[PDB]
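Residue numbers 3 to 111, 116 to 130, 140 to 204, in UniProt numbering, belong to the letters of the first sequence in order.
In this text, a Cβ means the ideal position worked out from N, Cα and C, and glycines have one as well.
Have a look at the structure below, then the notes.
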Amino acid sequence: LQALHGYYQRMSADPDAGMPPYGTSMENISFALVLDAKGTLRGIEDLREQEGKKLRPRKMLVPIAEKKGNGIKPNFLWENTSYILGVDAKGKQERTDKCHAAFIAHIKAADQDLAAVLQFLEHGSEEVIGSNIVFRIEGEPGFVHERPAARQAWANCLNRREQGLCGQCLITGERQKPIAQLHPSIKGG
DNA sequence: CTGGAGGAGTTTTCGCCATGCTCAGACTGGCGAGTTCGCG
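Structure follows, in structure tokens:
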């Protein structure tokens, strides 16, 4: 319904409304890793919160996630242990190894922070297993994915992907627009 | 006779909580008036 499109367009114009900016979404995160600028990991930040009933993760604004079928798709900068640590509980190690290789490969598409995290990837409690994690530089505010250079790289990747076929958009009625081969998912439960 | 493969059919991965009472009376109030038949 175009009503939702109009509502988003209007309310996103308000800076404090809470609309995620284009290309970003709010997800669940449990821990953050701290590593020095030299590429050595030391320090883990656990952001999970006790909701009275249970200890549950926290909501964070991050780059949108792919819709993972049976195929392997690497997320940009935040992932679970299987892609990052090359470890899991699924037993099928080769799958995890392939995921890790794809994850490291996607990064290469000059910043010292990404240089450091690349350096750490030369090697890459139990509760971290299976949870979502993010990266932070030792004593650095914010997170690596928040740095402007990361945003430029993300925009470049988006431009890379949005190419080829073009047509008429039914919601807007405009011509020669790139057509979406797949739609992002919607939260259930 | 063997190949490459397009299509048909089967398997894997995906991610993974909640809803909260209740409580009480009235009221007291009077209808109506009436007429029967009659030889052999």
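Of the choices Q125, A67, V36, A5, whose alpha-carbon is the least far from that of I106?
Considering only alpha carbons, the answer is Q125.
So, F78 versus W169, is the Cβ gap smaller than 8 Å?
Taking a C-beta distance under 8 Å as the contact criterion, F78 and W169 qualify as a contact pair.
Assign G157 to one of two classes, buried (16 or more other C-beta atoms within 10 Å of its C-beta) or exposed (fewer than that).
A residue is called buried when at least 16 other Cβ atoms come within 10 angstroms of its Cβ; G157 does not meet this threshold and is exposed.
Using 8 Å as the cut-off, can you tell me whether the stretch 157-167 makes contact with the stretch 178-197, which would need three or more C-beta pairs spanning the two stretches below that distance?
A contact is defined here as three or more CB-CB pairs under 8 Å, and the stretch 157-167 fails this definition with respect to the stretch 178-197.
Best match in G204, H198, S146 for proximity to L35 [C-alpha to C-alpha]:
Among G204, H198, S146, the Cα nearest to that of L35 is on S146.
Given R162, which residues of its chain have a CB within under 8 Å of its CB, disregarding the five upstream and five downstream residues?
These residues qualify, in order along the chain: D117, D119.
So is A104 buried or exposed if we call it buried at 16+ other beta carbons inside 10 Å?
With a 10 Å radius around the Cβ and a threshold of 16 neighbouring Cβ atoms, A104 comes out exposed.
Would you decide whether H102 is buried or exposed? Buried here means 16 or more other CB atoms lie within 10 Å of its CB.
Under the 10 Å beta carbon count, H102 is surrounded by 16 or more other beta carbons and is classified as buried.
Under the three-state reduction of DSSP, which class applies to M62: helix, strand or coil?
Looking at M62 - three-state DSSP - the assignment turns out to be strand.
Taking only three categories from DSSP, how would you classify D119?
Three-state DSSP puts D119 in a helix.
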